Amino acid sequence: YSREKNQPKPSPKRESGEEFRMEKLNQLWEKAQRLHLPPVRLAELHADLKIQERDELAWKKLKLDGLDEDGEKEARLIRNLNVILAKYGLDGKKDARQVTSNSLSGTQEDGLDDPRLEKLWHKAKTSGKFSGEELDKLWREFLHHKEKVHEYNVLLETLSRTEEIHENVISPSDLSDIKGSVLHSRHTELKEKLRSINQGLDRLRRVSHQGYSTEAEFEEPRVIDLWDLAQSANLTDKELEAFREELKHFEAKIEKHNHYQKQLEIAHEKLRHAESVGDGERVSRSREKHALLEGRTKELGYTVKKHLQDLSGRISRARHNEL
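Have a look at this one:
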């Protein structure tokens, strides 16, 4: 006899009401309504709002027809908009975007003149034999640092004056006696990137004084490099084509390993932490692709290793049998 077969199926819904025809009048009205205001204020308010809608509407229309000359119309709608806003306190503060960007330097220093330069250049050139590609690279970043550092500095020092200009000469002021608001973020940013670059160059120094040769046979220290140049190592079409395809597969393999390596670490952290969520949702798939990626990662490394010993003990000489 027991049969609580719930036949009924409750499914009630609410009912909206577009009192206006604009997101503005909507968000606004709804806002005020949520804020709750006196009956007199609501009445006079709602009315005023209506008048505004009539003005803006009639405005856009007249604008399309081309009648707003004195511009007093658009100015009245805008003036009333801000006025009413600032009045009820619905104004607040509008933002302002501004940018000009820049990109032009070139520069061109001598070379090994200032001891600061010859110091490092000779440091590596002698500390080992970093003469040519190693030294060239050092310079790539060394001179690149000189131009980028004094360039950014010139910019920060350029804007710094962009406050006490007078087509004459800046007045006593480390950073133009400002009221703290502008130029602050510009000079700060300049110091952030320039200081960061400064630290970078400092590392370069420690590299030449500490980054001395030690170990390297995974990335592209000398291997992938010797292979890349191998093209100039007096080769032959056949031997080449073979070395080309082989390399492509290699460079592609190692490269991928690197990509999966970084993504693996990032995912690993996000995962390990995702497991602490305390619920279990993406832990499954996460752990899946996680272990998987790790697997292909290790396998890749092993591959690069084998191919490394081979391609290496092979490249050299480079007989006619392709090799």
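Residue numbers (the authors' numbering): 1 to 323.
Positions of the beta carbon are idealized from the N, C-alpha and C atoms, including for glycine.
For residue i, which option in the options has the closest C-alpha, if you only look at C-alpha atoms?
i           : options            : result
residue 45  : 75, 84, 60         : 84
residue 219 : 88, 305, 152       : 305
residue 264 : 297, 249, 141      : 297
residue 117 : 142, 96, 137, 95   : 142
residue 197 : 240, 148, 173, 205 : 148
residue 372 : 300, 79, 270, 193  : No statement about residue 372 is possible, as the shown extent of the chain runs from 1 to 323 and does not include it.
residue 217 : 97, 94, 311, 76    : 311
residue 300 : 317, 322, 181, 255 : 255
residue 59  : 74, 165, 27, 191   : 74
residue 182 : 162, 69, 39        : 162
residue 153 : 107, 94, 191       : 191
residue 226 : 313, 293, 206, 278 : 313
residue 322 : 291, 235, 257, 193 : 235
residue 92  : 82, 17, 295        : 82
residue 260 : 229, 292, 240      : 292
residue 18  : 27, 11, 12, 10     : 27
residue 173 : 86, 157, 241       : 157
I'd like the span of the alpha helix (DSSP H) that includes residue i, first residue to last.
i           : result
residue 208 : 184 to 209
residue 240 : 237 to 274
residue 277 : Where residue 277 is concerned, there is no enclosing alpha helix (DSSP H), given that its DSSP letter is neither H nor E.
residue 23  : 23 to 35
residue 233 : That residue, residue 233, is in no alpha helix (DSSP H); it is neither H nor E in DSSP.
I'd like the list of long-range same chain contacts for residue i, defined as Cβ closer than 6 Å, with 5 residues on each side in sequence excluded.
i           : result
residue 208 : 120, 123, 124
residue 170 : 161, 164
Tell me whether residue i, by its Cβ, gets closer than 7 Å to a heavy atom of the ligand FMN.
i          : result
residue 25 : In the structure shown, the ligand FMN is absent, as is every other ligand, since no ligand is present at all.
DSSP state of residue i, grouped into three classes?
i           : result
residue 310 : helix
residue 315 : helix
residue 152 : helix
residue 169 : coil
residue 288 : helix
residue 180 : coil
residue 144 : helix
residue 174 : coil
residue 16  : coil
residue 160 : helix
residue 324 : Outside the modelled stretch of the chain, which goes from 1 to 323, sits residue 324, for which no answer is possible.
residue 300 : helix
residue 323 : coil
residue 295 : helix
residue 4   : coil
residue 9   : coil
residue 134 : helix
Near residue i, what residues of its chain come up, given a Cβ to Cβ distance below 7 Å and the 5 sequence neighbours on each side ignored?
i           : result
residue 274 : 282, 283, 286
residue 308 : 217, 223
residue 134 : 124
residue 257 : 297, 300, 301, 304
residue 32  : 45
residue 213 : 128
Hey, does residue i have any beta-carbon neighbour from chain D nearer than 8 Å?
i           : result
residue 154 : Checking the listed chains, one finds no chain D in this structure; it contains a single protein chain.
Excluding sequence positions up to five away, which residues of its chain have a Cβ less than 8 Å from the Cβ of residue i?
i           : result
residue 138 : 120, 121, 124, 130, 204, 208
residue 151 : 105, 107
residue 145 : 197, 200, 201, 204
residue 52  : 25, 77, 80, 81, 84
Inside the region 37 to 123 only - alpha helix (DSSP H) runs reaching at least 4 residues: 39 to 65, 72 to 88
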